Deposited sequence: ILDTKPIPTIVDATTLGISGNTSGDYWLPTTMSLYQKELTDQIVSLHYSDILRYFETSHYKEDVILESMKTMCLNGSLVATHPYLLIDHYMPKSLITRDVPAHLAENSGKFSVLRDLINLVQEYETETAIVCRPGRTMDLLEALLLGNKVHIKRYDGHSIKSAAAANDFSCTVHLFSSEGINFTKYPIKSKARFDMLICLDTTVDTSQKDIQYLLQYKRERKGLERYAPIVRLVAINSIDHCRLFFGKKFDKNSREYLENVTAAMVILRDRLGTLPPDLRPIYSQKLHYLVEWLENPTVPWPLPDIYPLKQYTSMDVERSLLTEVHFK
């Protein structure tokens, strides 16, 4: 295929409920937003913005949104499994690095800076992997995983030590813009993009409609929020045919990890319906 693939992930029970709660907090704002369509009050424009942000943080990990109860130490042996258990996306990734840590490879992961980067590292300490960060921060393996910010790197204070290609570039959140100059640099080190996408979540909406309407388009923001709200009851659950692949811990993907030139083994990004303002109001009544 194209070198640009999505890897759908699940949602925790907790991740599903937090999203249902985020939507409900913004109930009034959502209706105000679709009602007075053709002015968009900034109280309300930004109420939708923060809603999509919050739903997006949860989609990757609930700790990005709700701090307390978070382990004082992210370094203890129990942490990696605790984090995977509370994010369907971390789980998928944990299964993925379990396959690639079997290889002599440099693998790149791009995600937003800050706490996302520290939880990614916390997680990867449960894999047999070297971890390199390029933000001056942090807490005998054949595979090294490099963590890059999606919001600006700085290769002249932190150069790539590698020497070798990145065999794949993983996108953890929809915060990553793979077209930016810094990521296009990583992709050409001598590279396939796999995007971790929680099914039927804001990630899935941003991705799919990101084609459709592009930019900070009118119909983009609207379709993305209508679908986030409406699809909110089908968060993180896979079509029945994907289920054995994930249950078998993504072993399905080994031939593709062997030959990254081989066609992507999984279905293309599932289409998301175009929803009406009336579609959204129905969903909110229920």
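Where the deposited sequence has no C-alpha coordinates (positions from 1, in order): Gaps vs deposited seq, in order: 1-21, 161-167, 219-227, 324-328.
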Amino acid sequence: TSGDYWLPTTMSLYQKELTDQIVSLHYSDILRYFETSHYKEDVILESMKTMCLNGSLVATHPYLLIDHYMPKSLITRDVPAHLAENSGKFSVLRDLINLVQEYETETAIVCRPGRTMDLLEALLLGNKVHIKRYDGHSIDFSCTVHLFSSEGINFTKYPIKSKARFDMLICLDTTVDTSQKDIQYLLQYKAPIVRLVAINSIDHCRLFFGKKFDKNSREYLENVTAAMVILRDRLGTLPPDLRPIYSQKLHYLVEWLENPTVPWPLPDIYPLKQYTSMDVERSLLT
From here on, numbers count along this sequence of modelled residues.
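Of 58-66 and 29-37, the one with larger mean CA B-factor: Stretch with the higher mean C-alpha B-factor: 29-37.
Higher-B stretch (mean Cα B-factor, as the entry records it), 124-132 or 207-215: Taking the mean B-factor of the alpha carbons in each, 207-215 is higher.
Of the residues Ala164, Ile109, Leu74, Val197, the one carrying the largest Cα B-factor as recorded: Spelled out: the listed residue with the top C-alpha B-factor is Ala164.
Criterion, highest CA B-factor; candidates, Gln184, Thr174, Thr116, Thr144: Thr174 has the highest C-alpha B-factor of those listed.
Chain-wide C-alpha B factor ranking for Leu285, given as lowest, middle or highest third: Answer is highest: the recorded C-alpha B-factor places it there.
CA B-factor placement of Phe90, once the chain's modelled residues are sorted into thirds: Lowest third - that is where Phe90 ends up once the chain's C-alpha B-factors are sorted.
Ranked C-alpha temperature factor of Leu266 among modelled chain residues, by third: For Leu266, the deposited C-alpha B-factor lands in the highest third.
Modelled-residue ranking by C-alpha temperature factor, third containing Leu231: Its C-alpha B-factor, which the entry lists for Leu231, ranks in the middle third among residues of this chain.
Third assignment of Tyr220 from its chain's C-alpha B-factors: It falls in the top third of the chain.
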